[PDB]
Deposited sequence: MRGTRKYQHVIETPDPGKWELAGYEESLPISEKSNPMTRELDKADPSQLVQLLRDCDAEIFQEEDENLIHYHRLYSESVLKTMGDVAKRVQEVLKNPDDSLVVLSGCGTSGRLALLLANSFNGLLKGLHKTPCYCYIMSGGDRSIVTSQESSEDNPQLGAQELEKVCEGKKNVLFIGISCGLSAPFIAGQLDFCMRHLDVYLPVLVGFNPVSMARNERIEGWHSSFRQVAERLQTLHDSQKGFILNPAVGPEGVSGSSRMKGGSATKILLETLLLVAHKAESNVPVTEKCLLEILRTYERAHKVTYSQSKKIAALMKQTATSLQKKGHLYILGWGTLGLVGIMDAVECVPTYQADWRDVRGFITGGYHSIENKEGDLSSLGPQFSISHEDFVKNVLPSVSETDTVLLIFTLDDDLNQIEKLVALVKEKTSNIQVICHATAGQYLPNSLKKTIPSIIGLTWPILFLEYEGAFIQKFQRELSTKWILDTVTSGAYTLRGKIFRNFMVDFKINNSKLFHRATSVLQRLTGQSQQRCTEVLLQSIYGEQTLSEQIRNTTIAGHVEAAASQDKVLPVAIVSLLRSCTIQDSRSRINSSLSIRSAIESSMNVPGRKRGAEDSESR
């Protein structure tokens, strides 16, 4: 915190900044050394750990040590300024120009969030929309996790072409935490083959030399090769790579946390500067400081966050559910944390659900209403009252996220309905200094996570920075609450996931990586025992031994305890069937590994 002026104390570096620390894995896949024993931490300790991981986002680099480029680096800040100047040219010509944000999973949902946010920013100035979003799914992935739709470079390039039809100037921002998603890779490739109208921008948090160098099946290049192509265009100002190192996740792989948070911080700050200059280093630091302010305010309520975590944990224990009701854009942020509970922690979609005021009309998704697609797609407050409410019990936990500028009346009446069914009501309330919570809600609510935001004298843009602060704050809380609850449930071995359904190529390679670090055997043998567990057969044939990874995923998608079985079978020498029976006889998946560990 010596170079620039900061308003939050970040942890000192930083074993992950050394090249010798887990060199096999890229930064985004490495294990965070601060959380080496996260599996055995009480609620308040979990809050502290994750609050420190999120603090690593705002760390600045030491130039003399020659390590990774951080958020506060000359090159990173300069890149943000260059892309911002490109965004301006798009905004100068709203007729034929278009800014496109694209990503997979969380990155995709964030792309939607920021697209609508800056569309509403332009709408406030009576301007025409210039932002579009593209996500793997597509819009069906706003409510459900479709991890399998990530490995298709062709379908990515096509959808990008379909959107920018008729546009003369396109600024594309592909998001991969990450640098692994073939979907984004294909889009960047398509952009570089049409540089007359497309300007490619890659957003990630791994060095270009750490991207996946494995040939994308059914395609010509790897991610690293496509990235290195963009890097040559980068030096010539033809394209741009925005990849500041942010550090490993609290639980490794979960890019929905630091990766998601940094992506939101990075792009919003970048785009805000564009609309403001409609570019100095002074500008960026003013905006980034507000995000640091957002971090401090959020974790000043660590006591309250810890309570909400344990409350959700007790609910999950009693076979209960967490229902997140959000007002405005905070409702969408509520959904983003609910949708990632299914793939990350192997949870039923009924376990954690999110709702928004009001419905898809507020989400502003391009495919309109999706409520007809099934029960889980009913995601408004009206849908919650109609369907969900008359079935919740005492073991359920209902969370409410709103501001002090929302309809405090309809919120007050809603508490009365929920109290009729359950006592576990938690409230995340935002407020601008200095408006105060009425005694009505204050005496009706048990414990409330209240957040007060300082006045912003930042011209027209101040109001949106306020919204971004509230959105990011809510995310961090929901990130910590959901992840912390399932941590208390025993879904984490140390600081990485062991049991997860291999739904894409990245998860397959991750499963291989987990095998490599628990055992001492090579990648050759790790891929073997993994395949042995997927197909069940002890001796792999030839029709499956020459089958592509995409085929293995389609076969492992319907298998449970895939990786845990493969781990035990390699850890102690035994048949896959013996490894499978040893797990069923153990009290937990974690215990089956620890017993086989020695």
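Query raised in the report: According to the record, which stretches of the deposited sequence lack C-alpha coordinates?
Result: Model skips 1 to 3, 282 to 285, 606 to 619 of the deposited chain.
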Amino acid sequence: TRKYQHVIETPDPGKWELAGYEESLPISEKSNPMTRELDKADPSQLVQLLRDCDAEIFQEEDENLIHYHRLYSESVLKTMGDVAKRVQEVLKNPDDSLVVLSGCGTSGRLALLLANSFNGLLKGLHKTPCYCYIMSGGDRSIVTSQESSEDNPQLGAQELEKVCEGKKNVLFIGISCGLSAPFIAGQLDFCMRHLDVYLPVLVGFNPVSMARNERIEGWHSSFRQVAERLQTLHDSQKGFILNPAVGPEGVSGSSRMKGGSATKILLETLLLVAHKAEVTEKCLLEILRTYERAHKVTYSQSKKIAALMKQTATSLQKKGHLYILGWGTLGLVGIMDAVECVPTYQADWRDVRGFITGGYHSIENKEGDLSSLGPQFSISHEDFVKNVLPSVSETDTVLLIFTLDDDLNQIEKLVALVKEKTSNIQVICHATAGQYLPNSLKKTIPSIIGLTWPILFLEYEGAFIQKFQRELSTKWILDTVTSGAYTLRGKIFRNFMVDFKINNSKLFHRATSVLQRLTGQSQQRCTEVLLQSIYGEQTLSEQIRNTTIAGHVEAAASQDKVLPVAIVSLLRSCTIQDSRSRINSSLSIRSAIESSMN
From here on, numbers count along this sequence of modelled residues.
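Query raised in the report: Mean CA B-factor: is it higher for 262 to 270 or for 209 to 217?
Result: Stretch with the higher mean C-alpha B-factor: 209 to 217.
Query - Of 417 to 425 and 306 to 314, the stretch whose C-alpha atoms average the higher B-factor in the entry - result: Higher mean C-alpha B-factor in the PDB entry: 417 to 425.
Requested in this report: Select one of 186, 247, 450, 490: the residue whose C-alpha shows the highest B-factor in the crystal structure entry.
Outcome: The record points to 490.
Query raised in the report: When you compare the CA B-factors of 484, 374, 178, 120 as listed in the entry, which one comes out on top?
Result: In this record, 374 carries the highest C-alpha B-factor of the candidates.
Query raised in the report: Ranked by Cα temperature factor within the chain, is residue 42 in the lowest third, the middle third or the highest third?
Result: For residue 42, the deposited C-alpha B-factor lands in the middle third.
Query - B-factor third for the C-alpha atom of residue 564 within its chain - result: Its C-alpha B-factor, which the entry lists for residue 564, ranks in the middle third among residues of this chain.
Report task. Report the third (lowest, middle or highest) to which the CA temperature factor of residue 67 belongs, ranking only the modelled residues of the same chain. Result -> It belongs to the highest third of the chain when residues are ordered by C-alpha B-factor.
Query raised in the report: Against its chain's modelled residues, does residue 396's Cα B factor rank lowest, middle or highest third?
Result: Middle third of the chain for residue 396's C-alpha B-factor.
Report task. Rank-wise, by C-alpha B-factor, drop residue 277 into the lowest, middle or highest third of its chain. Result -> Highest third - that is where residue 277 ends up once the chain's C-alpha B-factors are sorted.
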